[PDB]
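This document starts with one chain, in the form deposited in one PDB entry, laid out as structure tokens.
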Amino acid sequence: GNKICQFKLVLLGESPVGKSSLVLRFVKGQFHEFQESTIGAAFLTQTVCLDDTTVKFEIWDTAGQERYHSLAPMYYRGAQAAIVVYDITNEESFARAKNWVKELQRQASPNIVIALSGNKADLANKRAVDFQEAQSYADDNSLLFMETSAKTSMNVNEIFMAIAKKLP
């Protein structure tokens, strides 16, 4: 196809659930066991082929530490989509993700597409968040849910592509 589309996507979530790792896996096909904490935000881009359209992702990888909370709107304000990430081995991170979803639903663009990533799915032997419970929460709140693993690549390309498919 000869069509070209572009959209802004922001990743939000508690530190250190794997936001930067998810982006690095999608954009560079890499995974680093040792990743420095993000400061403020980092920016990356990736262009993919979706059917007959060349979609360009402008990705804002936010720092998740609490001290950066007041900067979040600078990154989500003009976003067309968001991925709120939690760590499946940490229930508190899942509760934090729900509060990020509430903030987006109240202060981001009314038509933002929101996805929920249950990351570090490769650590299911240490699961703290039930898959079905998270799916139910996502369904009730109109969120695109997938468990992912930046470490193995599980569902990483899939979650980004599913978001792109749901954009106008």
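A residue's number is simply how far along the shown sequence it sits, counting from 1.
Here the stretch with the larger average CA B-factor, out of 46-54 and 26-34, is 46-54. Mean CA B-factor, 1-9 versus 159-167: the higher value falls on 1-9. Looking only at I39, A121, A128, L104, the residue with the top Cα B factor in the deposited structure is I39. Comparing the listed residues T62, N99, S136, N111, the entry records the largest Cα B-factor for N111.
Sort the chain's modelled residues by C-alpha temperature factor and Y76 lands in the middle third, per the entry.
Absent from the display: the form solved in complex with a partner chain. The rest refers to it.
Using a 4.5 Å cutoff between non-hydrogen atoms, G40 counts as a contact of the partner chain in the entry with it bound. At the 4.5 Å threshold, heavy atoms of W60 reach the partner chain in the entry with it bound.
Contact annotation for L71: at least one heavy atom lies within 4.5 Å of the partner chain in the entry with it bound. Though the partner is left out of this view, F94 does not reach within 4.5 Å of the partner chain in the entry with it bound, counting heavy atoms only.
Residues with any non-hydrogen atom within 4.5 angstroms of the partner chain in the entry with it bound fall in just one of 32-40, 113-121, 97-105, 136-144: 32-40.
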